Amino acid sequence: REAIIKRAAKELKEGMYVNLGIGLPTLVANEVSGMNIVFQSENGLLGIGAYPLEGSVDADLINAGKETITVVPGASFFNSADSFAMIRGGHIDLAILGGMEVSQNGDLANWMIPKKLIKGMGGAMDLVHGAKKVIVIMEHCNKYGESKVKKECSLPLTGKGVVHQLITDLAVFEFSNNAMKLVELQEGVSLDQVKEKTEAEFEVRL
């Protein structure tokens, strides 16, 4: 899993405005500390800081995952419509999201499992359309050995053809014109290994 976070950290660049989705993507913040980066919170903040000190907590200040946070110098607050104007308006450089499934067409399913987990999409559907670049990071297979990189999603979609890049513990994939392409192997992973654990059809570029 560290291979996922670290590899995703390399996608951040100086001067970017970035939204990290809940789950794995929040860990990416820790790998980037030496960079000039502004993190956006869809609940109405630009400039998320570190988690506070015990006793320095403030209930009016939290991230989209409902965690107590702090702000950086030059942060700003705004309302939810302002917030999704920023996102939908294409102002966010990068959105990193988790997923239950990704297909070869760049489709992401991350909000529900029918008659199992219904929780909701939150702002994920806005983010997948608005962000200049959308990155999904995710474990290649689940608990039971099932591939989460698929020919087509079996779960309800968060978006169709919205994923630019996918990073798993096995490989790195990129998406162009309905085609999936393997661009990198994670350290200690073999092409054969990936071809085996991936249902999705993809062209190999290494």
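Residues carry their position along the shown sequence, with the first being 1.
For the two regions 152-160 and 32-40, the entry's Cα B-factors average higher over 32-40. The mean Cα B-factor in the deposited entry runs higher for 196-204 than for the other of 4-12 and 196-204. You'll see in the entry that, of 72, 124, 87, 118, the Cα B factor peaks at 118.
Looking at 167, 59, 45, 53, the one whose CA carries the top B-factor in the deposited record is 53. Among all modelled residues in this chain, the alpha-carbon of residue 142 has a temperature factor (C-alpha) in the middle third. For residue 22, the recorded CA temperature factor ranks within the middle third of the chain's modelled residues. For residue 180, the recorded CA B-factor ranks within the highest third of the chain. Only modelled residues enter the ranking.
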